[PDB]
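# Chain and residue survey
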Amino acid sequence: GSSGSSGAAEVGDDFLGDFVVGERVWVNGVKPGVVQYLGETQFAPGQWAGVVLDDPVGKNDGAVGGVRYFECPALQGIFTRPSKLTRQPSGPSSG
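Residues numbered from 1 in each chain as written, not as in the entry; some residues may be left out. Heavy atoms only, no water.

Its PDB header attributes the entry to solution NMR.

As named in the PDB entry, the protein is CLIP-115, taken from Homo sapiens. This entry's official PDB title is "Solution structure of the 1st CAP-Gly domain in human CLIP-115/CYLN2".

## A word on the overall build of the protein
The secondary structure content of the protein amounts to zero helices and six strands. N-terminal to C-terminal, the α/β element order of the protein is β-β-β-β-β-β. What you see for the protein is a C-alpha radius of gyration of 13 Å, in line with the 12 Å of a compact globule of 95 residues. The principal-axis extent of the C-alpha atoms belonging to the protein is close to 45 × 30 × 25 Å. Out of the 95 residues in the protein, the part that is buried amounts to 35%. Looking at the protein alone, contacts between residues at least 24 apart form 49% of all its contacts between residues at least 6 apart. Accessible area of the protein: about 5900 Å², with a carbon and sulfur share of 48%. (Helix = DSSP H or I, 4+ residues; strand = E, 2+ residues; numbered from the N terminus. Rg over C-alpha atoms; globule rule 2.2 N^0.38 Å. Buried < 20%, exposed > 50% of the residue type's maximum accessible area, 1.4 Å probe, protein only. Contact = heavy atoms within 4.5 Å. Areas by Shrake-Rupley, 256 points an atom, 1.4 Å probe, with all protein chains shown as cover.)

Structural data, given as structure tokens:
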């Protein structure tokens, strides 16, 4: 019933960033997150990269629309494009 959201108004990239499973990456230059899933999601097309936040400040809880990618706390399993992730805290520059 409840578990059945939709992933519209969002599309992934084409190229998958060189991000391994179990590393710390900064999502949108906000905070570092542990990558658990990498590839194409189910809620939305395009390339996606699952990342787990250290604290409850993500978006999903591992399950999006019934599909369970990785297992982790709630409000932590945030999903975003691989390119969006980075190996360092950015902000003033995106190059």
